[PDB]
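Enquirer:
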Amino acid sequence: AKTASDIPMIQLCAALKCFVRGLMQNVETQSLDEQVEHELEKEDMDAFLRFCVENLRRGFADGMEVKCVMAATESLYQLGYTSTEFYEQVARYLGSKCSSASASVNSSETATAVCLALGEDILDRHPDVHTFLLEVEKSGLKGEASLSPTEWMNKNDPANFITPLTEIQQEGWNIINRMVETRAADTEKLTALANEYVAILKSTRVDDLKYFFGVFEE
Amino acid sequence: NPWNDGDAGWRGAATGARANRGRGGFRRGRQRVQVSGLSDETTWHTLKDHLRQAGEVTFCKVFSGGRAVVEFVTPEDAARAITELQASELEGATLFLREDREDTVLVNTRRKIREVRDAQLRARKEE
Amino acid sequence: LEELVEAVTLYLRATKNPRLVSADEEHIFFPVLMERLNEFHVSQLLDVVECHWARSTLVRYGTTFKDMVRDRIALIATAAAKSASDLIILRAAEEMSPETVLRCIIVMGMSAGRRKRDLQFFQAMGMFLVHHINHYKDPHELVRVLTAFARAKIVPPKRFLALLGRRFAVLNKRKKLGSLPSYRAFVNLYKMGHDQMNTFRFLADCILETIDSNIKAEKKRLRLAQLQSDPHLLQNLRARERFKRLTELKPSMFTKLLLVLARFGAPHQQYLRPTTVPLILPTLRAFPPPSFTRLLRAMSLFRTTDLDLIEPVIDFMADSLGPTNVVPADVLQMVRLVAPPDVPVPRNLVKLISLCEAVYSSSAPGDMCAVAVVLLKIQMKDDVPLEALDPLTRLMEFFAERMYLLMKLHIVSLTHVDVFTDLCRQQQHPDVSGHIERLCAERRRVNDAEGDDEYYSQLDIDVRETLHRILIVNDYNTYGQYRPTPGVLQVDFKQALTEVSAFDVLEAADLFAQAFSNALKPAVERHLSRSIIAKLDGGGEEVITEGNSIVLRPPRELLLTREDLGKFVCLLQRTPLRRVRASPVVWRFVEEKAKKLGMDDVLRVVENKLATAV
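Sequences listed follow chains 9, 13 and 11, in order.
Positions in the first sequence are counted from 1; adding 436 to them yields the authors' numbering.
As numbered in the authors' numbering, residues 109 to 138, 192 to 288 make up the second sequence, in order.
As numbered in the authors' numbering, residues 193 to 277, 321 to 464, 523 to 657, 685 to 934 make up the third sequence, in order.
1. Taking all protein chains shown into account, do 16 or more other C-beta atoms lie within 10 angstroms of the C-beta of residue 890 (chain 11), making it buried, or fewer, making it exposed?
2. Please check the pair residue 119 (chain 13) and residue 653 (chain 9), which I expect to be a contact at CB under 8 Å, by giving their CB distance rounded to whole angstroms.
3. So the beta strand (DSSP E) residue 221 (chain 13) belongs to, where does it begin and stop?
4. Tell me which residues of the stretch 466-484 of chain 9 have at least one Cβ-Cβ distance to chain 11 shorter than 9 Å, keeping chain order.
5. Considering Cα atoms alone, identify which of 192 (chain 13), 222 (chain 13), 193 (chain 13), 198 (chain 13) is closest to residue 206 (chain 13).
6. Could you say if the stretch 426-437 of chain 11 and the stretch 383-397 of chain 11 meet the contact criterion of at least three C-beta pairs nearer than 8 Å?
7. Excluding the 5 residues flanking residue 437 (chain 11) on each side, which residues of the same chain have their C-beta closer than 6 Å to its C-beta?
8. Based on Cα-Cα distance, which residue from 204 (chain 13), 236 (chain 13), 224 (chain 13) lies nearest to residue 251 (chain 13)?
9. On a Cα-Cα basis, can you pick out the residue from 463 (chain 11), 656 (chain 11), 782 (chain 11), 638 (chain 11) that is closest to residue 283 (chain 13)?
10. Can you tell which of 540 (chain 9), 516 (chain 9), 466 (chain 9), 630 (chain 9) has its C-alpha closest to the C-alpha of residue 482 (chain 9)?
11. What does the Cβ neighbour count give for residue 511 (chain 9), buried or exposed, with the cut at 16 atoms within 10 Å?
12. Please work out which residues of its chain come closer than 6 Å, Cβ to Cβ, to residue 727 (chain 11), disregarding the five sequence neighbours upstream and downstream, and give them in chain order.
13. Any Cβ of chain 13 within less than 7 Å of the Cβ of residue 647 (chain 9)?
14. Can you confirm whether the stretch 539-551 of chain 11 touches the stretch 494-507 of chain 9 when touching is taken to mean that 3 or more C-beta pairs between the two stretches lie within less than 8 Å?
15. State the Cα-Cα distance for the pair residue 486 (chain 9) and residue 549 (chain 9), rounded to the nearest angstrom.
16. Pull the bridge partners of residue 231 (chain 13) from the DSSP assignment, please.
17. Since I believe residue 817 (chain 11) is in contact with residue 895 (chain 11) (beta carbons under 8 Å), could you give me their beta-carbon distance rounded to a whole number of angstroms?
18. With 7 Å set as the bound, which would you pick, yes or no: does the beta-carbon of residue 437 (chain 9) sit closer than that to a beta-carbon of chain 11?
19. Taking the straight line between their C-alpha atoms, what separation do you get for residue 198 (chain 13) and residue 702 (chain 11)?
20. Look at the alpha carbon of residue 774 (chain 11) and the alpha carbon of residue 281 (chain 13), and state the distance between them as a whole number of angstroms.
21. Residue 541 (chain 9) to residue 635 (chain 11), Cα distance in whole Å?
22. Can you find a C-beta in chain 11 that's less than 7 Å from the C-beta of residue 279 (chain 13)?
23. Applying a beta-carbon distance threshold of less than 7 Å, which residues of chain 13 neighbour residue 748 (chain 11)?
24. When the cut-off is 7 Å and only beta carbons count, does residue 487 (chain 9) lie next to chain 11?
25. Comparing the C-beta of residue 111 (chain 13) with each C-beta of chain 11, is any distance below 7 Å?
26. Answer with buried or exposed for residue 335 (chain 11), where buried requires no fewer than 16 other C-beta atoms within 10 angstroms of its C-beta.
27. Ends of the beta strand (DSSP E) at residue 288 (chain 13)?
28. What residue does the alpha helix (DSSP H) around residue 337 (chain 11) start on, and which one ends it?
29. Alpha carbon to alpha carbon, what distance is there between residue 131 (chain 13) and residue 604 (chain 9)?
30. Identify which residue in 541 (chain 11), 927 (chain 11), 325 (chain 11), 863 (chain 11) has its Cα closest to the Cα of residue 441 (chain 11).
31. Which residues in the same chain as residue 580 (chain 11) place their Cβ atom closer than 8 Å to its Cβ, once the five residues preceding and following it in sequence are excluded?
32. For a test of the three-state rule: what should DSSP assign to residue 538 (chain 9), helix, strand or coil?
33. Do you know how far the Cα of residue 592 (chain 11) is from the Cα of residue 464 (chain 11)?
34. Is it buried or exposed, residue 209 (chain 13), if we count other Cβ atoms within 10 angstroms and call 16 or more buried?
35. Take residue 555 (chain 9) and list the residues in its own chain whose beta-carbon comes closer than 8 Å to its own, dropping the five residues that flank it on each side.
36. If you measure beta-carbon to beta-carbon, which residues of the stretch 432-458 of chain 11 are closer than 8 Å to chain 9?
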């Protein structure tokens with residue numbers, strides 16, 4: 437919560453998905469004294485969630501992709517932010533971009549989850565959003581909820597240089613940094629290096645190809 | 109500021125939303194005019210483009226509400242700009258120009274004309 | 193060796209009654225101690241040094257004893273360091332126990348200072364304490380070390396302080412550090428220029444943790460109770534007791550901890566905000582005015598973008614106090630704080646605008689231009705209600721009237737005039753009373769005909785510097801004699817008087833009263849009266865020396881002319897200083913001067929005044 441200024445929205449969604457997966461399991465409560473502890477943890481969680489929803493509102497104002505706000509709203513529902521005054525803003529922004537946003541390029545399970553999380557009165561207040569959610573739950577990506585948070589972040593934000601490179605991924609950058617300073621006329625050397633590079637393409641990150649093409653123009 | 113103590117933070121981090129600005133190409137394989198009345202959407206690029214019609218610019222910065230500060234290259238780039246680009250039209254944001262005739266150096270320049278004249282005034286009062 | 197050690201303490205414990213300070217027993221015992229200083233152990237000498245002192249006894253024997261034990265412990269420490277590279324010396328290494336070193340640090344903080352000997356002395360066994368750092372157990376001992384080191388005013392090896400700060404958290408696990416010791420450490424590490432941040436962060440979080448734990452315990456008690464199923526002082530006592538019970542500190546010092554935290558630029562979303570509802574809001578009224586003003590000043594730096602605290606402050610300021618119970622500076626700061634776009638428009642902004650109008654309507685110099693800037697920023701700030709926009713135009717008209725009269729007085733600089741003209745031009749304010757164009761025409765006539773420097777010379781500037789000094793001195797706020805005026809301003813203003821003559825100081829008083837009549841503060845008034853009495857008496861003045869002492873200045877003389885005396889009479893006619901209006905010394909001085917020059921009518925007038933003042 438501290439030092440979280442100028443936060444790209446994908447970072448916030450990854451953090452929220454990380455937090456939801458480390459929650460304690462509910463057990464029968466001894467009502468003598470632990471109810472007070474429950475109130476204290478409720479107050480602290482509210483003190484955190486208020487800052488989170490403030491940042492989400494700033495993102496709303498500045499414009500953001502429907503997938504990220506979708507996932508963030510689902511995650512905040514997972515944490516019990518049951519206020520319904522922010523969910524109307526959620527529905528308003530989602531219906532604002534409902535015309536052109538792609539339907540089958542989203543997670544269907546997330547669609548079902550957010551449709552459940554959004555109130556039925558809020559739903560039939562926005563029949564277009566209702567229909568869009570049903571369409572996404574019919575045709576959409578499957579199994580995206582089971583991925584680890586770092587996998588989700590890597591598969592929705594290319595590059596981003598946060599997680600360290602694997603051992604295999606370092607070989608591609610060795611090849612590229614070796615190709616950079618090679619003389620242009622040495623065609624055989626470049627051919628050999630590229631034929632070595634293409635062998636490990638399946639493991640290299642997709643974004644780094646931007647460099648592989650660029651040196652080709654160089 | 110002291111609480112940052114050199115921490116770059118998310119502004120200086122390597123997030124995927126930061127490499128988007130980097131439209132370079134990914135090739136190599138890794192005295193000052195105060196101008197008011199502009200629009201907040203008006204980029205500094207458009208600012209340089211408009212006011213370089215008068216003279217060259219080293220630094221320029223916008224502020225909320227259209228206020229902005231521009232530093233010139235040479236005094237001639239200023240002496241022309243102080244009076245030429247007044248009330249010119251750009252993007253529906255007709256500019257209004259003011260010039261800080263007093264400078265952080267020119268104040269010390271005015272100190273001596275203040276004090277010697279004060280000595281003259283004191284001599285007058287004594288007489 | 194214990195007999196004499198016990199005897200000196202037996203004599204010393206009674207050194208409070210003047211007769212019980214037995215000089216005979218002092219001469220009987222203490223010289224033997226000075227001859228037997230080597231005999232006793234380190235702990236015995238330190239324990240003797242610890243005890244209470246009579247100042248006559250201290251100057252007789254203790255002052256030497258300080259250094260005569262300092263050097264002995266220095267040699268013992270030298271032997272110990274040689275081990276780490321007289322019978323007691325041969326066993327010196329085991330004498331410097333960590334507790335022994337700790338007490339050696341502690342027992343010095345009543346006679347040391349910025350002296351070089353004290354500096355090197357304390358910089359000697361600091362490394363011994365570093366050699367024993369891991370063996371210290373109780374966290375409060377290190378806080379005591381810090382405050383003793385602060386008492387001696389030493390120049391610390393900042394890295395060593397940072398190491399101690401880091402180990403504070405190591406020791407904090409065993410026993411939680413108190414809120415008062417933590418703030419003690421905070422103010423220490425502030426006042427010897429520590430700049431490591433993290434040490435400050437740990438103490439701030441510890442204080443917040445204590446407050447949070449106290450509040451949570453109180454809420455637990457109230458919840459468990461649920462599970463079972523003048524009058525202003527009367528109200529303020531409960532707030533003060535709740536505050537003291539919760540944070541263990543005064544508001545006058547909490548409001549400075551918040552000030553320093555705002556100065557650091559810490560994120561207010563998790564420092565200022567978590568304590569607003571359970572702590573800050575209910576106790577707000579009990580705040581002393583010097584603390585409420587500092588709270589607002591810290592708010593300005595924090596730039597808190599939340600109305601959940603801002604609005605109740607607006608309500609309390611608007612209703613519970615009124616126009617004449619709030620400083621105009623505080624309301625100006627409050628309206629400035631709501632200017633930034635980060636803060637949305639409060640739902641009670643109309644009350645703030647109404648009180649803002651009232652305070653400056655009842656306030657009838686160069687800062688008001690900035691006020692216009694503030695208005696400039698608020699006029700496009702979202703959907704401002706119209707009834708809040710109406711008073712602002714009349715307010716600007718009142719400002720324009722005041723500046724126009726000031727130009728007729730030739731006081732405020734024309735640069736601020738040009739700034740004001742630019743502001744009213746860009747604000748597109750339609751003049752109704754015709755004052756804006758009057759100001760523009762007057763500024764043209766002044767600047768473009770005679771000159772800005774020529775305008776500055778309308779009133780001679782050696783008087784004007786004293787006038788600015790008077791203004792900045794009067795800028796102090798007291799909230800009704802709550803804070804007496806500090807003596808530093810009195811000192812510099814007195815030295816300013818010591819150079820200027822008498823006639824032009826009264827000219828400065830008249831010029832000040834022409835626009836701020838009766839606004840001169842009583843301390844400045846009485847000091848001016850004293851200086852004028854001394855000047856017209858001609859005895860001399862108090863010249864300040866290096867050691868905060870005084871020397872009588874050589875006698876003064878003032879050979880004023882008849883016209884100068886007439887202008888002095890006019891000044892007396894218009895001056896508000898009662899003391900100079902009633903003191904007979906000024907009248908006899910005027911009579912003597914008039915006799916020296918010679919005029920019948922003014923002489924008769926001065927005699928008539930003297931008959932009513934002798």
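Cβ coordinates follow ideal geometry from the N, Cα and C atoms, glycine included.
Expert: By the coordinates alone:
1. It is exposed - the Cβ of residue 890 (chain 11) has fewer than 16 other Cβ atoms within 10 Å.
2. Contact between residue 119 (chain 13) and residue 653 (chain 9) fails: their C-beta atoms lie close to 31 Å from each other, not under 8 Å.
3. 218-223
4. 467, 468, 469, 471, 472, 473, 475, 476, 479, 483
5. 222 (chain 13)
6. yes
7. 404
8. 204 (chain 13)
9. 782 (chain 11)
10. Selection 540 (chain 9), 516 (chain 9), 466 (chain 9), 630 (chain 9) evaluated against residue 482 (chain 9) yields 516 (chain 9) as nearest (Cα-Cα).
11. buried
12. 762
13. yes
14. no
15. 22 Å
16. Secondary-structure assignment with DSSP links residue 231 (chain 13) through a beta bridge to 194 (chain 13), 221 (chain 13).
17. Actually they do not touch by this definition, with Cβ atoms about 16 Å apart.
18. yes
19. 18 Å
20. 12 Å
21. 36 Å
22. Yes, residue 279 (chain 13) counts as interfacial toward chain 11.
23. Those do not exist, as residue 748 (chain 11) stays about 12 Å from chain 13 at its closest Cβ, beyond 7 Å.
24. yes
25. yes
26. buried
27. Residue 288 (chain 13) -> no beta strand (DSSP E), and no H or E assigned at all.
28. 333-341
29. 28 Å
30. 541 (chain 11)
31. 544, 548, 588
32. coil
33. When only Cα atoms are considered, residue 464 (chain 11) and residue 592 (chain 11) end up about 42 Å apart.
34. exposed
35. 520, 523
36. 451, 454, 455, 458
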